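Below is one structure, written out as structure tokens; the observations come after it.
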Amino acid sequence: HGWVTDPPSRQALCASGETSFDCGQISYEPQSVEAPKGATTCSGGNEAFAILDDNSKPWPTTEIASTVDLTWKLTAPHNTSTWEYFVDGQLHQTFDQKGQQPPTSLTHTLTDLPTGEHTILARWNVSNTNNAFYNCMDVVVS
Ligand SMILES: [Cu+2]
């Protein structure tokens, strides 16, 4: 369990009360967006958190540069295979954890992000289960 805190993901903004709409249950457990490997949606297909896929909502955006430091907060650091990052649904960067347990505070540096409005998807793959954790960040790159 864990979620991306900076730049804040959709479940982070819900849990911190930064959205102008009620997000439901996810507001109380942002660390729990868990779903089988292989998806590219913000919820991963977890039906209890379907609001995270609704793009009609006025989701807030974050202004960032093309090179940005991205921070996770883990509550239960499971042995990890890879951390995958997509930009608008297309794989951008991969980090290999070699099946090791990560630190509960973890920072990665993304580079070469395209300018304009985009949505990053962070996919955390657990090495000893069939599940991953899904985090979306809406951003404006300049
Ligand atoms: Cu867990």
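Each chain of the structure tokens is named A, B, ... in the order shown, its residues numbered from 1; ligands are numbered from 1 in display order.
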
For ligand 1, return the neighbouring residues as a list in words (distance at most 9 Å; only C-alpha atoms and all ligand atoms).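 The residues near ligand 1 are residues 1, 2, 31, 32, 34, 75, 76, 77 and 78 of chain A.
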
Where does DSSP see strand (DSSP E or B) in chain A, if you list the residues as a PyMOL selection string? chain A and resi 2-6+34-36+62-64+68-74+80-87+90-96+105-110+116-126+131-141

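Nearest-residue note for residue A:136: choosing from A:123, A:98, A:57, A:108, the minimum distance belongs to A:123, counting only C-alpha atoms.
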
Between atom CA of residue A:96 and atom CA of residue A:133, distance in Å (one decimal): 15.6 Å

Top pick for closest residue to residue A:89, considering A:70, A:4, A:106, A:122 and counting only C-alpha atoms: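 So, comparing all the options, the nearest one is A:122.
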
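Counting from atom CA of residue A:95, the distance to atom CA of residue A:81 is 8.7 Å.
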
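Counting from atom CA of residue A:48, the distance to atom CA of residue A:3 is 16.4 Å.
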
Nearest to residue A:49: which of A:99, A:71, A:16, A:134 is it, counting only C-alpha atoms? A:134
